[PDB]
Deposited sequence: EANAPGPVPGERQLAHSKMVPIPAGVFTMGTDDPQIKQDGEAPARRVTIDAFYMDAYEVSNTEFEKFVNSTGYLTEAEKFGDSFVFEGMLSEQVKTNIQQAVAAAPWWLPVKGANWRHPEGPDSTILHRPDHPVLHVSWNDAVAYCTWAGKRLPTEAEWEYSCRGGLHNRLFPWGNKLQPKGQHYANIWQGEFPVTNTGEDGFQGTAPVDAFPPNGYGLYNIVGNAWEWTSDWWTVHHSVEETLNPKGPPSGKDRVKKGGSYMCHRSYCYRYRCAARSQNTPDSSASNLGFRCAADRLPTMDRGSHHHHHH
């Protein structure tokens, strides 16, 4: 297991966003041409084992631990009735006090805030990716497709990402092999070597959130200089077309940087290889 390994994302120009927005309120449009310099992206979402190495090294206490609660999806025991603030829910106890990560060391770390993610990535000699880096990487060398792999949800009748099957929120059939999270190395990689870029855990990016984008061509854009929420990408194991079609690379959502939840993690990026 090399779950802190990075892959080289090649230099290129790509179309960020879409002129066929599916969630218009989220500023998926307009499509815009963005140039990205070559850099490195973590192949995997940061796992419990990998975060535990960080915590072991630094003593870091996450914002959820200090606040004393975090958001948990009701189905596995607020922004929606199915999100409950649970006392003692944190990265070690993802559904609250009497849950554990002992049996899921290779699953993505959860209940990590934007600040927690920055702390980890910087500790690791890395950083968060920008939204544009994240989206470019998500698209995996394909142009204007819905998903990392193309436009079909189940190409060749195969599951390609961990999202919801069944009637949300009452019934998760586990058709794709996982009701909650999957191991960070589950499912096929995309064209650049990334696993679970869409689905599984949401991923923080460095950008402040806005819904107002120009069509001007940009180079290594960093997002707006100010805001109140940071951008997160890719959707999660909770997402279903019926209520939440956010497992597309162009999709985007937000949370305040001190926020944490049972479907939200991250991966790191770097300009160059670290030690």
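- In this chain the deposited sequence has gaps in the coordinates at 1-13, 91-102, 301-311, listed in sequence order.
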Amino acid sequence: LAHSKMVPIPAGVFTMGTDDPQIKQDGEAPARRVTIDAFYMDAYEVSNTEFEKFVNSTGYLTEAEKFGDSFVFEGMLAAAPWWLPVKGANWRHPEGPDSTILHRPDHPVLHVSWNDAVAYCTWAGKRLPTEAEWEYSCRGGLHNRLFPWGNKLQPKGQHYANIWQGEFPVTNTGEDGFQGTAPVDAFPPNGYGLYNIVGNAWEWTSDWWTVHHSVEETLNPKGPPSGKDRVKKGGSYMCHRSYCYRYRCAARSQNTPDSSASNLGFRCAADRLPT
From here on, numbers count along this sequence of modelled residues.
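- For the cut-off of one third of the other compared entries, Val112 stays well clear, since all of them model it along with its flanks.
- Among the other PDB entries of this protein that were compared and that flank it with modelled residues, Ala79 is left unmodelled in a third or more.
- Annotation for 171-179 versus 108-116: the higher mean temperature factor (C-alpha) is found in 171-179.
- Stretches 144-152 and 194-202 differ in mean C-alpha B factor, with the higher average recorded for 144-152.
- For the set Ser137, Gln158, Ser99, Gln165, the PDB entry assigns the largest Cα B-factor to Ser99.
- Among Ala38, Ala43, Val46, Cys244, the highest C-alpha B-factor recorded in the PDB entry belongs to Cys244.
- Residue-level temperature factors show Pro10 in the middle third of its chain, judged at the C-alpha atom.
- Residue-level temperature factors show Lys53 in the middle third of its chain, judged at the C-alpha atom.
- When the modelled residues of the chain are ordered by their C-alpha B factor, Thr62 lands in the middle third.
- In this PDB entry, the Cα temperature factor of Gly68 sits in the top third of its chain's modelled residues, the highest group.
- In this PDB entry, the Cα temperature factor of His213 sits in the top third of its chain's modelled residues, the highest group.
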